[PDB]
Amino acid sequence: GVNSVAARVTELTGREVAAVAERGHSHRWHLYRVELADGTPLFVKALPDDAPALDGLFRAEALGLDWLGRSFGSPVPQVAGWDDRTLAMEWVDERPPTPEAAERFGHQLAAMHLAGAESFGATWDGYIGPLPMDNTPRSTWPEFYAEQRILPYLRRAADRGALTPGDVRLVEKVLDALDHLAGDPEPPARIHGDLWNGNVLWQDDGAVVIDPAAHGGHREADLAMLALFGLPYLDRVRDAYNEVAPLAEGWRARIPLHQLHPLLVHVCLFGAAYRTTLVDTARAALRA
């Protein structure tokens, strides 16, 4: 990988780079394993030299990692350095999932969430992949979720013709019922914001969470995302989580509600594949 990657990392971290290896791509940026002179490995995301880039994209992740990472036994990687083009962080060597790690990860996530937030949203502009994500601070969840987590992606998907007017009306029924469906107000959590299995890197003693879309959110969101695409030892993670920060009564029934945001993002980003799941989940939320 780039001699330009190596240069940028040294500038940002102050550390000498001994090696760079390519590790593929995600959306609009390239991935690398970068090794420092003492053997320390770093995971590095980098936009190409000269390429135009989304306003505040890398910032959202750098700031989100810093903010999310201030809990005991944090599962969040440490950032070695960043700028609008480059993000260098701790390299994780994955391990197979184990039930022991799963229990420990449950505790890690509970402490992460319960660090708490002043409001829903965040002080920096958000992204979910390459899509804008509205982090405007809000004091109440139903309004935040409807206006900043559901409606923007619903309208976008409808505009692109991935969702029908009937699909839109179905999701709008949920929103109209939201101040019953929501359950009871609780404080905003520090949530990862995109916590599906591919963003969980298993370790011997827990797990590391990567690629956050971090903000003040409902903690049920992260657990619902683990459920949506599944996770090794999901029930052990949730059981251990519930030991230390028990979810509010009726959380299982609310899982579909909390899956509507990610599902709308998927329909936006990836198309029709996820439409029927969105519809089925909306129906399920309505009858929850």
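Note that residue numbering begins at 1 and tracks the sequence as displayed.
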Study note, to complete from the structure: With B-factors read from the PDB entry, the higher C-alpha mean of 209-217 and 174-182 is in 174-182
Check your understanding: Looking at the deposited entry, does 86-94 or 143-151 carry the larger mean Cα B-factor?
Key -> 86-94
Practice item. Pull the Cα B-factor of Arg160 out of the PDB entry and bin it into the chain's lowest, middle or highest third. Key: highest
Check your understanding: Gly166: which third of its chain by C-alpha temperature factor?
Key -> middle
Practice item. Ordered by C-alpha B-factor within the chain, which third holds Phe58? Give me lowest, middle or highest, please. Key: lowest
Review point. With respect to C-alpha B-factor, does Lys45 fall in the lowest, middle or highest third of the chain as deposited?
Key: middle
Revision key, fill the gap. Among the modelled residues of its chain, the C-alpha B-factor of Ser74 falls in the third labelled middle
